[PDB]
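In the form deposited in one PDB entry, a lone chain appears below as structure tokens.
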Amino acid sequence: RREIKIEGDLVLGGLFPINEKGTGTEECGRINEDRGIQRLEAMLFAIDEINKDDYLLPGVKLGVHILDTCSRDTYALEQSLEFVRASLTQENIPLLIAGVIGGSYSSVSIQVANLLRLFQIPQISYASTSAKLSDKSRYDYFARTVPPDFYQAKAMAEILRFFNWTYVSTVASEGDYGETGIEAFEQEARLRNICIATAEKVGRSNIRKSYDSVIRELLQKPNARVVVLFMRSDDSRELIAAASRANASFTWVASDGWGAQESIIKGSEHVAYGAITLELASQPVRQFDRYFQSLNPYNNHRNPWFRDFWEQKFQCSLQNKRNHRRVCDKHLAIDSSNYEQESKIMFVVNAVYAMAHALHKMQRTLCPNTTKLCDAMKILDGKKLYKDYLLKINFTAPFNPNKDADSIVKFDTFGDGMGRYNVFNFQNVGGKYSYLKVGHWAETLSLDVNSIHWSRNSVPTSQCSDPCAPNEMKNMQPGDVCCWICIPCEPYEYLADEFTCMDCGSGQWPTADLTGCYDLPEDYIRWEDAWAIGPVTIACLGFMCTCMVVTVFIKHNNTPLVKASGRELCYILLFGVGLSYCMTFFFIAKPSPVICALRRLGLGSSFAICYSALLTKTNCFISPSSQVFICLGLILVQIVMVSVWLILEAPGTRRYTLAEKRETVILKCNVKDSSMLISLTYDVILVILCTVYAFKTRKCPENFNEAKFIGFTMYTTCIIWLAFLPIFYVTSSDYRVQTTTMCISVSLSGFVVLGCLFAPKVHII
């Protein structure tokens, strides 16, 4: 095999994927020029700078022990045993390894970290972004200068929140990358006010026919216009091309895998327009540019893989021993024309400097007097180096003196680097398609909206999320898990819950959304109304007129001594007229808690008193007195069952109306309307029958006037009964029927008293 074993006071391990993984007889095949060779030289370049440095380990020389992992996890374990041979108590003397600057693959790093933790060897990774490595329970001597993969999920969620993109669709890929990150996105999404619409998986081993179905199932949701892509570089390229065939137009939010790469947009720049992509914020290392270009096989003997890299890159053989390859020219060299710096070069340099800084701090504390290696450094405990010194480093980037404020190299509690991501945007400048940085995410969100076009428009995706005009909108919808397009409720129904609008109170008006749970108010009849003042004055005038008759009757009751019983008949008739007149005083009052209970008793008593007086007159010293006593007893008997009707429920049970807006009800008297009219009608039918018989008979001895008066009043009772019942039977108005009966009652009272008092009026005048 091949390895680098440069000697020094302290030796740092190294794991790089110089050779690409292969199949068959060859375990690893082609040389990785970018991720294997350029990263390998970055570690060597940094260590050479550290050795030449006067402030970082001036008396300690840093050696190397670098092995090729061949991009295989199993093959990395076999060479990982060489790092622990020197830790166990003469062809090849083992070298003590202070730390391992290796990784570049999550599978390689995971396997290596499992072996290194058993021997307390600190490990710093430069390209491993697996979220599994953040678990300190299984990897308690592992650190990385790059942020973990799930940090991108937090970055993508903030972009959605900034643009108010709530109803989003997530697309993942099979393996270990897609599931892990897309899983961590949901908790970050649910932490904010965002719910996932569709979850999808994309496989490597499938045909473009399945890719079309991935696109098609995304179109059967018109609202979802933004698609959170957490796919891989090759997987995302086919899906975007699939959308072109299906004529789709979506806004793509993508993580690492689709950053500023120009190999995905190819041939499908139309649908990819307006996409937002993330990429690691890596700056070029200017000093590394001259180091790599000035490397030649004739003077770079430290790297044993440089001969293979030179032959593979230029397709030439240095020693053409009858081979089918051209002889490499002596003047061949690499320049900026065909040299592009690898993206994670600055992370390799930072990882090397991180270990050197930790060792330098540990050396000073253990050896303050001297600047050389001590006997206390011979044991070289890895638990103290990692937990106490490596995790507590704080220094600026050695080769980035322009932005030292935000380029500090440090490790958090879980031994992970700071998350600084760049936000790009695929846009059309006009005749050219290219990416453009439109912000950055370093512990906070910062975007340049003015330079973002085709996404400057809000492009709402909240047709489900929250249209929710403040008409007590309810967040729910059948069939859809979290669409909740706010339709399933109405402004009349108060908002009390999310899944159900939960109307509280029938026919109730909410105040803003919930507080209107109280029942709607109602208005009763208005007191002292214009339509009530008239009858009140009429009743007062009628009562005053009857009172004047009473005063005249008693004054003129002396000379006519013949009519001994006439005064008694006049007195009871006057009392009945006064009682009937006084009925209107309280009947028209709107508040009737128990007033209506006495109203029916008063109306019945007034009718009974009038009927008793009429019956006594029709029938007609000791004998008249007995008739008055019998008539008085009949009136009392007529009131015996009057209170029986109110002996069950005088205030009533309840009062309602067909209209649910006015609700013009008494709300205090709920007696039976049918029973009230039936009793009133039955109280006048017998009066008319008894008066008709008296009219037919002839009363010669001075009783003709009484007989004529009885017959005249008979028609008035029939007319009033035949008119009061029909209006209140069907209409049942709050006040219109009440005032009509009041006018009829006072008119009837005035009519009956006029006939009885007609004869005294003529005699007096």
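Numbers follow the displayed sequence, beginning with 1. Just so we're on the same page, rigid core means the largest C-alpha set that superposes within 1.5 Å between forms.
Residue 347: gap in at least one third of other compared structures: No, modelled in all of them.
Other PDB entries, at least a third, lacking residue 621: Result for residue 621: often missing, at least a third of the compared entries.
Unresolved deposited residues in the interval that joins residue 89 and residue 90: The entry leaves 10 or more residues without coordinates here.
Residues of the deposited sequence left unbuilt between residue 621 and residue 620: 10 or more residues lack coordinates between residue 620 and residue 621.
Just so it is clear, the following notes concern the form deposited in another entry, a form of the same protein that is not shown.
Position that moves between the shown form and the other one after core superposition, taken from 642, 77, 260, 408, with Cα shift of 2 Å or more: The one that moves 2 Å or more is 642.
Residue shift check between the shown form and the other one, rigid core fit, residue 10 Cα at least 2 Å: Shift of 2 Å or more: no.
Shift of residue 655 between the shown form and the other one at or above 2 Å (CA, core fit): Moves: yes, 2 Å or greater.
Flag for residue 181, CA shift 2 Å or larger between the shown form and the other one after aligning core: No, the C-alpha position differs by under 2 Å between the shown form and the other one.
Direction of Cα pair change residue 188-residue 479 in that other deposited form, magnitude 3 angstroms or more: Here the pair is farther apart than in that other deposited form; there, closer.
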